[PDB]
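Only one chain is given next, in structure tokens, and it is the form deposited in one PDB entry.
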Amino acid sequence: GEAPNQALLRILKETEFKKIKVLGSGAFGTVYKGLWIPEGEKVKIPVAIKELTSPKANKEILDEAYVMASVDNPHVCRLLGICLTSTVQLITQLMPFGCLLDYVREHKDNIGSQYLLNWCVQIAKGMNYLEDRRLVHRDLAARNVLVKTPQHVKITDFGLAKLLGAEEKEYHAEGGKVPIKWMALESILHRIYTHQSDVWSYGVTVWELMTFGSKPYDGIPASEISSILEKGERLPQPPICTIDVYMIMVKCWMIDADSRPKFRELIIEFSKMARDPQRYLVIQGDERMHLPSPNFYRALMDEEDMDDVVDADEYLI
């Protein structure tokens, strides 16, 4: 009894979008940035295009398309559709400033406490929406949070995301390359994933931001993480973090998954701290830091006549 998923899957003609440049290859495939021009509509939509014909690949890319077509939230990446070429392509909204992990590493000396705490609120809002949709992300990390503007981030990468039945409270997975250093202890031992195991990944994600992009358990091989966590060891307190912020991170790493805070409560706590940011994050020169917010599309694309550019958040069905 989980309610019909009447979401619409849009099919895009390959003639409607142009791969302007390549953003990053890898085991998945290649992610391109480009422009989508729906025929008849005088709009040019900046998009990201992923191509992974190993029948399997086509199968995994469609699972990700199914999940993304089912979510609609200001802090979750918006799916624009798929293209049915020889290999199936994923067409999503282009996030011009990249992933949050690279962003905090690049702009370390210009990120104040206001931006860090606001990012924590927005990530919790997106994860709380995913919990409302009964969706477990299973791969929450700083690399999987994209930056539309320095004031607006969205959760991305639903290759491992799962939807739970109204009786399924947990998700028992099987084998699969899984990011060990972001998983909860129950996910490493028993391969169980819940919304509370996503909370653990949320705590590690916050730790990445507060350390300006440090690697969790740097130098420790992944096979030792399960034994490190069982002894009671956790990630250290970042230098900018007051005990108030670090206490929240520690609570996300409790052994009892039901003792970890809920996403709706992480929204409230970080929202309070965002109203007095320098009380909870001590950063040298916090009051003088400034991040951009841009033209810049002509550069981020190449074409001019970017007078009809429309962000995907302003182009609705």
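In this text, residue numbers run from 1 along the sequence as written. Heads up, when I say rigid core I mean the largest set of C-alphas that superpose within 1.5 Å between the two forms.
There is another form of the same protein, the form deposited in another entry; it is not shown, and what comes next is about it.
Handout entry: Mobile residue between this form and the one not shown, C-alpha criterion 2 Å or more, rigid core, from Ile61, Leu281, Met249, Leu266
Key = One residue passes the 2 Å cut-off, namely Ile61.
Practice task
Establish whether a shift of 2 Å or more occurs at the C-alpha of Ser113 between this form and the one not shown, with the two forms superposed on the rigid core.
Solution key: No, the C-alpha moves less than 2 Å.
Handout entry: Post core alignment: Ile228 C-alpha displaced by 2 Å or more between this form and the one not shown
Key = It does not, since the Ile228 C-alpha is displaced less than 2 Å between this form and the one not shown after the core fit.
Practice task
Look at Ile192 and decide if its Cα position differs by 2 Å or more between this form and the one not shown after superposing on the rigid core.
Solution key: The answer is no, as the C-alpha of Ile192 shifts between this form and the one not shown by less than 2 Å after core alignment.
Practice task
Note whether the distance between the C-alpha atoms of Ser70 and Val178 decreases (closer) or increases (farther) in the other entry, against the displayed form; the change is 3 Å or more.
Solution key: Distance between the C-alphas of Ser70 and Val178: longer in the other entry, by 3 Å or more.
Practice task
Explain in one word, closer or farther, how the Cα atoms of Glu64 and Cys99 are placed in the other entry relative to this form, where the distance changes by 3 Å or more.
Solution key: Between the C-alphas of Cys99 and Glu64, the gap widens in the other entry (3 Å or more compared with this form).
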